[PDB]
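The structure under discussion appears below in the form of structure tokens.
Heads up, the Cβs are rebuilt from the backbone with ideal geometry, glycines too, and the neighbour counts pull from every protein chain shown. Taken together, the values in this text are just the output of simple stated rules run on the coordinates, not laboratory data.
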Ligand SMILES: CO[C@@H]1O[C@H](CS[C@@H]2O[C@H](CO)[C@@H](O)[C@H](O)[C@H]2O)[C@@H](O)[C@H](O)[C@H]1O
């Protein structure tokens, strides 16, 4: 189609399938294997990217150009890597991925949305689609084109350190919240074929349904462990939302560290190829988890040759190496040169990678848009996060007896009020894991509004607000307080660090609640990734709210405390009476909850 030096795959007007086929047919084996290779920015240089024809880069959790980097800094980093990739013989742009799982959460100044369990509590799939839209904008503000989200794990045991990354123990809720996908990627066209990848263009990102499959079903909630369940249960609980994701054009699927009945997912041809590819008709690319192939073996990494063989034959398309690229590339090249892995399997992997890249517009817009930088932390997106935080809150108690005056909503005008607790003025604690650092952090780690700041911003000018982190009982009783707001709960955690068999909050937390509530009427705000042992906290408190991990916009919490909006959240998980009950999910035969799934008290706006 005209010009003497015309190359079909570089023609934007051509159908994606024709561009993929035209490009594939030109590639060397080294070029093909390079597309299948994703490396950490920590090991990337221009020469590495060029010499090894690398297909993708990622930032893992906390992998940043520097602490406090601006949006432009991120764009410059990503474009530097892109220029190197575009300088190869074939000029195939890399795709850059990141965990933007509650906003663009590694980035300083990014809006931090509530974690998934609180989103589950909202029962509001359109809110979650809007959050996807806003997240895509803030990811593209940093030049990144690919988010490792949503986690559609169905967490069946809150002892799991990733339970907060699951919208619910009820697959139907998880299914509903697959609306994240068209928020991130754009809505699919009317004609769309389920399982095809889709991204609308340069203001959207590729998504990733993760972690396939049964990551939420592991024995005793042990992260990365074995999900012991028959096929019927895997298909009825852990699988459904993947089909919703196909329907919505999810571009990629990331495989789980976990096993299913003792078979590593990263080596499970029947499920990756037989089921996802051949039965759900997924036509995007399948990515490993981080050193996922290494972990096929015990010890991990003890037979990398086998790891490469087993994962690639199972049907994985792109390997998140992410550091030992030369070992990966060499081993895979050897397996193809030896006939162990057929060229058909390489060609399938590369077709799928390229299909996503061309579909998303990455050949047409391989570089960042400077005008998008101001999307980062944009006030409209904070307003959305504040809405989401407020909707996520579940009111568990609002009065010690049935005849007490309800404590919430609180008056904004009172002579003096107390705000207390470890979690009242700690932004990192309110955001939880996957915020700035992999495992989250403590203190003022980003731009946001703590619960204390929110209270000060809400109350009448005549209202004196006193903060005490851990006041003793005498301080409370002598203070002349009208009421207290006391916030306590879990410290930030992620993945195996958060696996927890006792589910009791750290001290001082209960002791602070008891000291405060013993002296003045109190509303307790519980910050957690999951249900935790809560009867002691309830017994002390006039009112108690499960605020989950609400993110950067602490005014969402005060919007409900002070009655600007009513409480509407409902539990998206069972609240257990004791951890000896676990696992215990809605619908089980022996179901004896403290609070059932769907529980939540309400208030009316004042
Ligand atoms: C301890 O090493 C750290 O692990 C984290 C999480 S592992 C894995 O990482 C993927 C890519 O970031 C996620 O999409 C996935 O959900 C995770 O299970 C990794 O992020 C750090 O880069 C690594 O240092």
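Please report 548, 575 as a ranked list, fewest other C-beta atoms within 10 angstrom at the top and most at the bottom.
575, 548
Say a paramagnetic label sat at a point 7 Å from the Cα of residue 371, along Cα to Cβ; which residues of the stretch 109-142 have their backbone N under 18 Å from it?
So the set is 137-142.
So what's the angle, to the nearest 10 degrees on a 0 to 90 scale, between helix 343-359 and the longest Cα principal axis of the chain?
On a 0 to 90 degree scale, this one is about 60.
Please state the relative contact order of the chain as a whole percent: Cα pairs under 8 Å, 6+ residues apart?
About 17 percent, as a whole number.
What do you get for Rg/Rh over the stretch 480-565 if you use C-alpha atoms and the Kirkwood form of Rh?
0.98
How fast does the chain diffuse by Stokes-Einstein, in µm²/s, taking the Kirkwood radius from C-alpha pairs at 25 °C and 0.890 mPa s?
99
Angle, helix 304-314 long axis vs. longest principal axis of the chain, Cα atoms, 0 to 90°, nearest 10?
90
Could you calculate the contour length gain from residue 43 to residue 414, that is, 0.36 nm times the residue separation minus the distance between their Cα atoms, to one decimal place in nm?
Length gained between residue 43 and residue 414: 127.9 nm.
Order by neighbour count: 277, 400, fewest other Cβ atoms within 10 Å first, most last.
400, 277
What is the order of 164, 108, fewest Cβ neighbours within 10 Å to most?
Final ranking by Cβ density, sparse to dense: 108, 164.
Once you place label points 7 Å from the Cα toward the Cβ at residue 469 and residue 4, how far apart are they in nm?
Distance between label points: 7.4 nm.
Find the percent of Cα-Cα distances in the stretch 450-606 that exceed 27 Å, and round it to a whole number.
27
Using helices alone, I'd like the mean residue ellipticity at 222 nm for the chain: each DSSP H run of four-plus residues gives -39500 (n - 2.57), total over residue count, nearest 500.
-8500 deg cm²/dmol
If you consider only alpha-carbon coordinates, what radius of gyration and Dmax does the stretch 272-368 have, in Å?
14.3, 43
How far is helix 71-86 tilted off the main Cα axis of the chain, in degrees rounded to 10, range 0 to 90?
20
Calculate, for residue 404 and residue 580, the FRET efficiency according to 1/(1 + (r/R0)^6) with r their C-beta to C-beta distance and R0 35 Å; round to the nearest 0.05.
Plugging the Cβ-Cβ distance into 1/(1 + (r/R0)^6) gives 0.65.
Give, in nm to one decimal, the length gained when the segment between residue 324 and residue 193 is fully stretched (0.36 nm per residue of separation minus the Cα-Cα distance).
43.5 nm
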